[PDB]
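Protein chains in written order, with our numbering: chain V, 47 to 311; chain D, 5 to 101; chain U, 105 to 304; chain S, -4 to 240. In what follows, a structure is listed as structure tokens, so that the remarks can point back to it.
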Ligand code: NA
């Protein structure tokens, strides 16, 4: 396969508004929401059909209960953080955890927490220790590091249990996740050269411009990879054209094992 | 830190006048998650607008895709109107074809 | 899901014993050992999640996830370690699956065996006579009675800490008029040098 | 620092009765459980409560139900008691569910026994038997013995009481009861016990030994129609005095 990843995100808000939840949790295979839960519905529900079709209600019943507990754990941690920061008002607590299974079989794992959208605590599954970005986070580091067993716990889950899930989820959405739709690439004038690409999945694509065989990475203006809405993405990458001297420009596009070159005349 | 939204208005396919298409407004990189997005048709808010659920980013920002099914014409001017705590008044980004 | 540990294990005081726990599970999130004395509540012993060996005092727990198997190791056995040791595995969805337990049974080190069968004074408020097999070495086993109106209990280990002293003992009673101490434990294999004191 | 407190320690029940067991934890935990322990089986969850505000079924929930009264209290109810529901039931508590190394703190236990009739319940017959003279001569110490016999169910706590204060040193009480009729499915049990003192301690005529047995049986509500005395909860002692000669 290509490089796949599994992620769970948790979001907590201190004093939300009327409609806003206080707790949200979403899971992602690669770039696909697969599971969702919030403090309103109070239910973990699938977000990909191929998730619903292969995970039985037992699975969703068990994890509904677990997030309810986690929702309250996440509120408790937030209250604690915000008291140590001496912060009034509404504030944001974020958690992300997951793993990647690279093409050559090697794997990675990560776990980190955020406060008001900044880094707070970044786990190191190899030295088995937390990294604190300040002294509120230093306090939580020593509390968590004192319970050596819960660190060995997170290591095993990141390196074996996260990956074990990811493999299972890949077979569940094999048709979705392992398909390859190559991109349609053109060139347009706007005086700049625009190399536009659309209609492709997976969303990992490199698009550069080259002058006569040498790249110009500081002169390239890169576009962002945007969702189209039908399952595919589209991106672009421009360069400014020299009015005083001609030049052999050539757009290059790498994607899912195939590299293409568009020479402009 | 409050990160202000990045808005981008684009079409699902290369738009040829007359042919049905989809207008996309993809808001991303913002924090906190409170946000109100509207698609405009010549200055008025479109009725039936669909959108994805709030998504998360590795860098702790959020992103949303608001879309609508339409048929692009030469007369019509489309845009996206985003409000946020990081903006004094709604921001407008017109669809530049 | 399935966990297996052996039903009971017998070892000798001051020795070493190894309690195995194999398991096949849907995922794996950690292994626990629980101690439960007879009649009492289980308490937490150990927790293993990565491979290798974990010492905690004179107890040690080990784990090989690859072979899917943990063992509990007790060094320099004492009598107070005679309990059940339950093994527990946390599966992929964090469900504890419990094995049946292992009844650990310690033989005390009897220094000076003095096996005898004494007749105990009758109680004016009961119609039973009562024999007491006592002070035998831990290598002796006490057999269930074969007659339906005689009752033999299984041996029991007694410690008078005021004299640092340990002894084994079984008790046999009956109200049948044929019953005697000389004949109470014949269904059992008793030491040759057992002391039978002359009756009155 | 009480830990996990569950009640009752013992109960006898007639087929079809209602029954509610109590459990509290003073440890400010969030996850509470109800297990049942049976011979030959590993512990089995009945119901659980991951957090104050949720509950869910476990492995064997049929014929039970629960209610998370608050953050400290988690109660088990038996709608229509049944002979298959005879077991020991443990309450348990942990700080969180889903945490991988979070262990379980257990309560004392509840020993429940659902019976068909109640006409099989029996208190114990206690009796103390004094040391052998042969023994004291040969070992210079003294072993008394206490036989609690003919009781049903196995709801008994035997304790020695020399000179009025309880004692545990030199005691050995059987860890499991003896069925008096090994064939019968509903046999009565017999429990033996030893106290072994020094020969000098026994030969003081002013030392007084008492073997007491606490039995858990019926309460005032339990209808009784038999000829013999109704077998309520009771304590049934027997004593013995030091013999100098
Ligand atoms: Na039920």
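Positions of the beta carbon are idealized from the N, C-alpha and C atoms, including for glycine.
**Prompt:** At a CB-CB cut-off below 8 Å, which residues of chain V make contact with residue 215 (chain S)?
**Reply:** Those within 8 Å of residue 215 (chain S) in chain V number zero; the least Cβ separation is about 41 Å.
**Prompt:** Nearest to residue 176 (chain S) by alpha carbon, out of U:304, U:288, U:265, U:255?
**Reply:** If we check each option's Cα against that of residue 176 (chain S), U:255 comes out closest.
**Request:** Give the residues from the segment 18 to 52 of chain S that approach chain U closer than 7 Å (Cβ to any Cβ), ordered along the chain.
**Result:** So the close ones are 35, 36, 37, 38.
**Message:** Below 8 Å on C-beta distance, what does residue 16 (chain D) contact in chain B?
**Reply:** The structure shown contains no chain B; the protein chains it does contain are V, D, U and S.
**residue 56 (chain S): CB within 6 Å of a non-hydrogen atom of the ligand NA** = Yes, the Cβ of residue 56 (chain S) comes within 6 Å of a heavy atom of the ligand NA.
**Asked** Which residues in chain V sit within 7 Å of residue 193 (chain U), going by Cβ to Cβ distance?
**Response** Those within 7 Å of residue 193 (chain U) in chain V number zero; the least Cβ separation is about 13 Å.
**Residue-chain proximity (residue 244 (chain S), chain V), Cβ-Cβ < 7 Å** = Outside the modelled stretch of chain S, which goes from -4 to 240, sits residue 244 (chain S), for which no answer is possible.
**Message:** Counting only beta-carbon separations shorter than 7 Å, does residue 257 (chain U) have a partner in chain S?
**Reply:** Taking Cβ atoms only, chain S reaches closer than 7 Å to residue 257 (chain U), which makes this a yes.
**Message:** Contact defined as beta carbons within less than 8 Å: I believe residue 291 (chain U) pairs with residue 250 (chain U). What is the distance between those atoms, to the nearest angstrom?
**Reply:** At roughly 5 Å, the Cβ-Cβ gap stays under 8 Å, so residue 291 (chain U) and residue 250 (chain U) are in contact.
**Item:** Reduced DSSP category for residue 244 (chain V) - H, G, I as helix; E, B as strand; rest coil
**Value:** Strand, per DSSP.
**Request:** Along the beta strand (DSSP E) that carries residue 84 (chain V), what are the first and last residues, could you check?
**Result:** Going by DSSP, residue 84 (chain V) is part of the beta strand (DSSP E) stretching over 78 to 84.
**Prompt:** DSSP on residue 47 (chain D), reduced to helix/strand/coil?
**Reply:** Per DSSP, reduced to three states, the secondary structure at residue 47 (chain D) is coil, with no helix or strand assignment.
**Request:** Consult DSSP for residue 124 (chain V) and reduce its assignment to one of helix, strand or coil.
**Result:** Of the three classes helix, strand and coil, the one that applies to residue 124 (chain V) here is helix, per DSSP.
**Backbone secondary structure at residue 114 (chain S) - three-state DSSP** = DSSP places residue 114 (chain S) in coil when its eight states are reduced to three.
**Asked** In chain V, which residues lie with their C-beta within 9 Å of the C-beta of residue 1 (chain D)?
**Response** Past the boundaries of the shown model lies residue 1 (chain D); chain D is included only from 5 to 101, so the question cannot be answered.
**Asked** Taking only beta-carbon atoms, is residue 222 (chain U) less than 7 Å away from chain S?
**Response** For residue 222 (chain U), the answer is yes, since a Cβ of chain S falls inside 7 Å of its Cβ.
**Request:** Keeping to the same chain, check which residues put their C-beta closer than 7 Å to that of residue 19 (chain D); ignore five residues upstream and five downstream.
**Result:** Counting only Cβ-Cβ distances below 7 Å, and skipping sequence neighbours, we find 25, 76, 101.
**Message:** For residue 168 (chain S) and residue 204 (chain S), what's the separation of their Cα atoms in angstroms?
**Reply:** Answer to the nearest angstrom: the Cα atoms are 16 Å apart.
**Message:** Once the 5 residues before and after residue 154 (chain V) are set aside, which same chain residues still bring their CB inside 8 Å of it?
**Reply:** 145, 146, 148.
**Prompt:** Does residue 245 (chain U) get closer than 7 Å to chain V when you measure Cβ to Cβ?
**Reply:** Cβ-Cβ to chain V under 7 Å: no for residue 245 (chain U).
**Message:** Quick check on residue 133 (chain U): buried or exposed, where buried means 16 or more other Cβ atoms within 10 Å of its Cβ?
**Reply:** It counts as buried.
**Prompt:** Where does the unbroken alpha helix (DSSP H) through residue 200 (chain V) begin, and where does it stop?
**Reply:** 194 to 202 is the extent of the alpha helix (DSSP H) around residue 200 (chain V).
**Item:** Residue environment, residue 108 (chain U), which counts as buried when at least 16 other CB atoms sit within 10 Å
**Value:** Exposed, by the Cβ-count rule.
**Request:** Just confirm the distance between the C-beta atoms of residue 65 (chain V) and residue 124 (chain V), as a whole number of angstroms; I'd bet it's less than 8 Å.
**Result:** Actually they are not in contact, since the Cβ atoms of residue 65 (chain V) and residue 124 (chain V) sit about 19 Å apart, beyond 8 Å.
**Prompt:** Is the beta carbon of residue 30 (chain S) within less than 6 Å of some heavy atom of the ligand NA?
**Reply:** No, the ligand NA has no heavy atom inside 6 Å of this Cβ.
**Message:** Below 8 Å on C-beta distance, what does residue 24 (chain D) contact in chain V?
**Reply:** The CB of residue 24 (chain D) never comes closer than 8 Å to any CB in chain V; the least such distance is about 13 Å.
**Asked** Does residue 96 (chain S) come within less than 7 Å of chain V when only Cβ atoms are used?
**Response** Output row for residue 96 (chain S): interface = yes.
**Request:** Within the same chain, show all residues whose beta-carbon is closer than 6 Å to that of residue 73 (chain V), passing over the 5 residues directly before and after it, in chain order.
**Result:** Around residue 73 (chain V): 54, 80, 81.
**Amino acids of chain V, ordered along the chain, whose beta-carbon sits closer than 8 Å to that of residue 237 (chain S)** = Against residue 237 (chain S), chain V offers no close residue; the least beta-carbon distance is about 55 Å (beta-carbon pairs closer than 8 Å).
**Asked** Exposed or buried, what is residue 110 (chain U) when buried is set at 16 or more other beta-carbons lying within 10 Å of its beta-carbon?
**Response** Residue environment for residue 110 (chain U): exposed (fewer than 16 other C-beta atoms within 10 angstroms of its C-beta).
**Request:** Would you list, in chain order, the members of the segment 198 to 217 of chain V that have their beta-carbon closer than 9 Å to a beta-carbon of chain S?
**Result:** Answer in chain order: 198, 199, 200, 202, 203.
**Request:** State buried or exposed for residue 108 (chain S), treating a residue as buried only when at least 16 other CB atoms are found within 10 Å of its CB.
**Result:** Result: buried.
**Request:** Let me know the secondary structure DSSP gives residue 10 (chain D) once reduced to three states.
**Result:** In the structure shown, residue 10 (chain D) sits in a strand (DSSP, three-state: E or B).
**Message:** To the nearest angstrom, how far is the alpha carbon of residue 88 (chain V) from that of residue 8 (chain S)?
**Reply:** Roughly 39 Å between the two C-alpha positions.
**Cross-strand partners of residue 28 (chain S) (DSSP beta bridge)** = Answer is S:43, S:87, bridged to residue 28 (chain S).
**Request:** Kindly list, in the order they appear in chain S, the residues whose Cβ is closer than 7 Å to that of residue 202 (chain U).
**Result:** Chain S residues near residue 202 (chain U): 37, 38.
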